[PDB]
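Structure, as structure tokens:
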Amino acid sequence: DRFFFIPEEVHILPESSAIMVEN
Amino acid sequence: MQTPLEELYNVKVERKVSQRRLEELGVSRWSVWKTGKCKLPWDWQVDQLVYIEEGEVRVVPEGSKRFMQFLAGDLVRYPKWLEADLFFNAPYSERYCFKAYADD
Amino acid sequence: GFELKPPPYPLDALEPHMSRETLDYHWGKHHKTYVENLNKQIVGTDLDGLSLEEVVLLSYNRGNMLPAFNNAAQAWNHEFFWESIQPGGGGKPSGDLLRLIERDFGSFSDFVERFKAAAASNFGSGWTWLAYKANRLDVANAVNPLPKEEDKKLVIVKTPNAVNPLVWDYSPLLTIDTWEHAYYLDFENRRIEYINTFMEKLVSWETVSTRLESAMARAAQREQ
Amino acid sequence: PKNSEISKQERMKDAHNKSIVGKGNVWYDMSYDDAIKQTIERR
Amino acid sequence: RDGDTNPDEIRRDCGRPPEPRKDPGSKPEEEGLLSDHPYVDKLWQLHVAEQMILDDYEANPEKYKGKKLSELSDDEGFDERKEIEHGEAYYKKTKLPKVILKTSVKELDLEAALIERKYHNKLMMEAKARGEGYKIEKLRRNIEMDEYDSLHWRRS
Amino acid sequence: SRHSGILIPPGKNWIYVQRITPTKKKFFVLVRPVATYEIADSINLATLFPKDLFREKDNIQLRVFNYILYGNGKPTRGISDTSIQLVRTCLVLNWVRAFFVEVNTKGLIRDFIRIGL
Ligand SMILES: [Fe+3]
């Protein structure tokens with residue numbers, strides 16, 4: 001009678017990708 | 001064949017019914033059924049008395065190539081266990097009454 | 001264990017319209033035998049404990065009548081018949097019954113002629129009924145979405161042998177017994193005179209009016 | 001039988017449905033007639 | 001003989017029994033009542049013909065200049081005997097048979113339909129001006145279909 | 001508590017509380033509402049049929065089936081400029097051939113789909 005949807009943005013990237021955001 | 005469909009199928013008809021007979025039967029209290037141009041298949045499970053008030057119907061018994069024609073003013077008794085197709089080609093109006101065993 | 005009730009009047013009170021000899025045989029032998037045979041068919045069965053109306057519906061079995069139906073229906077029919085007549089009967093009804101009769105038959109005189117003709121043309125043994133038709137069918141798509149209030153009307157119906165309008169969920173209001181034992185000692189073959197005597201001297205319209213109130217309340221309870 | 005006419009027809013409508021719905025779980029089912037009254041009641 | 005084509009008629013001419021059939025196994029008194037009047041399918045066709053004629057009147061009123069809608073006539077080639085034409089149509093790759101139902105303009109009551117159409121347009125406009133929506137629950141022809149159904153249901 | 005995630009029911013939206021532990025000695029709490037969607041068991045389909053006064057018993061019967069397009073806990077990926085449908089409301093025929101019906105009058109055409117048993 002109720003269903004839920006949490007919004008999460010996920011990026012799957014190669015190991016050699018340059019990440020410009022810190023953990 | 002030579003024998004008319006009304007004789008073969010035991011369809012009693014009283015064309016040009018007098019008003020006296022209508023009042024003896026109490027036709028004024030009968031229910032009303034009407035239709036336009038259409039096609040009605042039916043298998044009679046009891047006898048039905050029909051007084052046609054307007055229009056005409058052509059009745060084709062099951063498997064038949066001929067038809068019976070009844071016009072406004074006719075009183076028709078369709079027998080029990082009759083299977084037929086009723087055809088209308090114009091506005092049609094009738095008053096009917098279903099009769100169980102004995103009754104009328 | 002159903003019991004044979006006596007008629008609501010002394011057995012000599014219907015003279016000369018219905019003789020004591022007729023009542024001695026109709027009630028004392030025919031009606032008594034129906035109750036006695038019914039009690040033998042119910043004892044030790046599931047038909048025990050139900051009212052006579054329930055027994056009639058159960059034994060009818062939707063047309064495949066069980067052995068008890070003929071005794072049960074006849075026992076109910078005769079009890080209904082004895083209450084339909086009184087020592088000072090006949091005349092005209094009034095109240096809501098007269099209004100309903102005129103609505104569904106035109107006039108009281110028209111209704112009497114139609115009722116007498118139905119009782120005369122009933123071939124063989126049977127009963128002729130005035131019933132209040134407020135039936136419900138046990139089939140699909142059988143309910144009127146927009147009732148017109150004229151669909152609950154009075155009807156004259158004939159039944160053969162032991163059949164009564166209860167098996168079609170009608171509400172009987174009046175009956176006359178057209179089995180030959182009901183009139184043969186008083187009128188011999190003259191069933192017309194017996195029917196005419198019933199409607200002019202015997203019929204109890206106050207009982208018919210009383211039964212109409214219960215039938216009307218039966219339909220009212222269903223509609224709520 | 002895998003070549004039976006029943007098997008061929010059963011697999012046919014599975015593909016026709018999957019091209020519309022797919023892998024989703026049946027949450028709750030309701031008849032059309034009872035799914036119209038409730039809409040009338042809410043409206 | 002030559003005229004004896006219906007076996008049921010032949011056996012009634014003599015005293016011979018009917019052609020036997022397998023028992024259906026169902027009691028006729030226990031079946032549901034019938035209420036679908038056979039004429040309703042014809043009323044539906046007339047209903048659709050009026051509605052699409054009304055729509056064209058709205059969209060292209062320049063065509064309907066100087067002619068009363070009751071005075072309209074069918075196109076040259078209208079055969080009253082060919083009201084049903086059977087055919088087949090292709091939808092994408094699927095091919096479904098298609099039936100064409102020819103309808104006459106002289107069997108339609110466009111005078112009453114137009115007043116009903118204009119009456120509902122006014123209510124739609126008034127609802128729109130108030131920031132509300134308007135829904136039509138049923139039209140005269142839909143009500144006409146129910147009264148024919150009621151007559152058929154009463155007969156059953 | 002030590003539980004990685006606690007879901008708080010509304011005492012307007014449900015709240016999912018999750019403990020996040022960047023280092024062995026430091027942790028914090030992230031509070032996220034979810035969606036609180038209710039699927040209406042009343043899908044408006046009086047748009048289908050005129051709801052006749054009488055309805056005969058039919059071997060055929062329509063059905064309204066609610067369909068959650070994605071599995072429990074499965075990701076819903078959003079492509080740019082395209083909206084994600086989460087629920088489909090399909091009609092299931094149960095008890096049949098389908099073909100077109102065309103009504104024509106004075107150069108006017110109106111298609112129909114006739115589904116019968
Ligand atoms: Fe008796």
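Naming works like this for the structure tokens: A, B, ... for the chains as they're shown, residue 1 at the start of each chain, ligands 1 onward in shown order.
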
For chain E against chain B, which residues fall within 12 Å using only C-alpha atoms, given as a ChimeraX atom specification? /E:1-15,18,27-29,34,36-43,46,107,144-145,147-156

Take the residues from that selection and put them in a file with C-alpha atoms, as a PDB file, in the first residue's frame.
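Below you can see again14.pdb, which holds the result:
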```
ATOM      1  CA  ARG E   1     -38.241 -33.490 -52.324  1.00  0.00           C
ATOM      2  CA  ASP E   2     -36.639 -30.465 -53.974  1.00  0.00           C
ATOM      3  CA  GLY E   3     -38.034 -27.876 -51.584  1.00  0.00           C
ATOM      4  CA  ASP E   4     -37.053 -29.840 -48.463  1.00  0.00           C
ATOM      5  CA  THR E   5     -33.878 -28.081 -47.336  1.00  0.00           C
ATOM      6  CA  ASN E   6     -34.543 -27.695 -43.598  1.00  0.00           C
ATOM      7  CA  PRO E   7     -34.498 -31.026 -41.709  1.00  0.00           C
ATOM      8  CA  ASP E   8     -36.494 -29.503 -38.846  1.00  0.00           C
ATOM      9  CA  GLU E   9     -39.291 -28.539 -41.244  1.00  0.00           C
ATOM     10  CA  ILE E  10     -39.356 -32.013 -42.811  1.00  0.00           C
ATOM     11  CA  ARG E  11     -39.792 -33.813 -39.492  1.00  0.00           C
ATOM     12  CA  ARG E  12     -42.677 -31.498 -38.552  1.00  0.00           C
ATOM     13  CA  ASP E  13     -44.442 -32.298 -41.835  1.00  0.00           C
ATOM     14  CA  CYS E  14     -44.445 -35.933 -40.708  1.00  0.00           C
ATOM     15  CA  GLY E  15     -44.488 -37.204 -37.135  1.00  0.00           C
ATOM     16  CA  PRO E  18     -36.259 -33.894 -33.751  1.00  0.00           C
ATOM     17  CA  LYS E  27     -30.578 -25.644 -16.395  1.00  0.00           C
ATOM     18  CA  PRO E  28     -32.159 -22.751 -18.344  1.00  0.00           C
ATOM     19  CA  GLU E  29     -33.878 -21.370 -15.233  1.00  0.00           C
ATOM     20  CA  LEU E  34     -30.150 -11.035 -20.912  1.00  0.00           C
ATOM     21  CA  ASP E  36     -28.193  -6.364 -24.257  1.00  0.00           C
ATOM     22  CA  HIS E  37     -30.799  -5.094 -26.694  1.00  0.00           C
ATOM     23  CA  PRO E  38     -29.742  -6.049 -30.254  1.00  0.00           C
ATOM     24  CA  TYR E  39     -30.617  -2.553 -31.514  1.00  0.00           C
ATOM     25  CA  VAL E  40     -28.023  -0.901 -29.242  1.00  0.00           C
ATOM     26  CA  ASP E  41     -25.221  -1.765 -31.676  1.00  0.00           C
ATOM     27  CA  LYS E  42     -27.124   0.246 -34.293  1.00  0.00           C
ATOM     28  CA  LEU E  43     -27.674   3.148 -31.887  1.00  0.00           C
ATOM     29  CA  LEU E  46     -25.584   6.495 -35.148  1.00  0.00           C
ATOM     30  CA  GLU E 107     -30.911   8.471 -40.167  1.00  0.00           C
ATOM     31  CA  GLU E 144     -31.302   6.073 -25.332  1.00  0.00           C
ATOM     32  CA  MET E 145     -29.162   2.926 -25.194  1.00  0.00           C
ATOM     33  CA  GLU E 147     -33.767   2.598 -22.077  1.00  0.00           C
ATOM     34  CA  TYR E 148     -33.593   0.024 -24.874  1.00  0.00           C
ATOM     35  CA  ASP E 149     -31.535  -2.182 -22.552  1.00  0.00           C
ATOM     36  CA  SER E 150     -34.141  -1.738 -19.812  1.00  0.00           C
ATOM     37  CA  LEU E 151     -36.910  -2.877 -22.167  1.00  0.00           C
ATOM     38  CA  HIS E 152     -34.875  -5.949 -23.122  1.00  0.00           C
ATOM     39  CA  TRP E 153     -34.033  -6.694 -19.484  1.00  0.00           C
ATOM     40  CA  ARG E 154     -37.715  -6.488 -18.537  1.00  0.00           C
ATOM     41  CA  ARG E 155     -38.584  -8.920 -21.337  1.00  0.00           C
ATOM     42  CA  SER E 156     -36.006 -11.403 -20.035  1.00  0.00           C
TER      43      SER E 156
END
```

Those in chain D with helix (DSSP H, G or I) from DSSP, as a PyMOL selection string: chain D and resi 5-18+34-42

Name each residue within 9 Å of ligand 1, counting only C-alpha atoms and all ligand atoms, as a count of residues only. 17

Taking only C-alpha atoms into account, what are the residues of chain A at most 7 Å from chain F, put as a list in words? residues 1, 2, 3, 4, 5 and 6 of chain A

Could you turn the residues from that selection into a file that holds C-alpha atoms, as a short mmCIF file (atom, residue, chain, number, x, y, z; two decimals), in the first residue's frame?
```
data_model
loop_
_atom_site.label_atom_id
_atom_site.label_comp_id
_atom_site.auth_asym_id
_atom_site.auth_seq_id
_atom_site.Cartn_x
_atom_site.Cartn_y
_atom_site.Cartn_z
CA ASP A 1 0.00 0.00 0.00
CA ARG A 2 3.13 2.16 0.09
CA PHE A 3 6.40 2.03 -1.85
CA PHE A 4 9.55 4.06 -1.34
CA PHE A 5 12.22 5.63 -3.58
CA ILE A 6 15.40 7.03 -2.04
#
```

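Taking only C-alpha atoms, the non-local environment of residue 72 of chain C within 7 Å (same-chain residues fewer than 2 positions away omitted) comprises residues 38, 52, 55, 56, 68, 69, 70, 74, 75 and 76 of chain C.
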
Take the selection from the previous step and output its residues with C-alpha atoms, as an mmCIF file, in the first residue's frame.
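File written: part-v8.cif
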```
data_model
loop_
_atom_site.group_PDB
_atom_site.id
_atom_site.type_symbol
_atom_site.label_atom_id
_atom_site.label_comp_id
_atom_site.auth_asym_id
_atom_site.auth_seq_id
_atom_site.Cartn_x
_atom_site.Cartn_y
_atom_site.Cartn_z
ATOM 1 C CA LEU C 38 -45.837 -35.157 7.321
ATOM 2 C CA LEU C 52 -43.856 -25.262 7.952
ATOM 3 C CA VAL C 55 -40.176 -27.214 5.224
ATOM 4 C CA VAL C 56 -42.187 -26.384 2.097
ATOM 5 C CA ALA C 68 -42.285 -34.539 2.056
ATOM 6 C CA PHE C 69 -43.350 -31.684 -0.240
ATOM 7 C CA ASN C 70 -46.849 -32.941 -1.060
ATOM 8 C CA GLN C 74 -50.945 -29.359 1.421
ATOM 9 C CA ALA C 75 -50.791 -28.953 5.204
ATOM 10 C CA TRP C 76 -49.791 -25.312 4.726
#
```
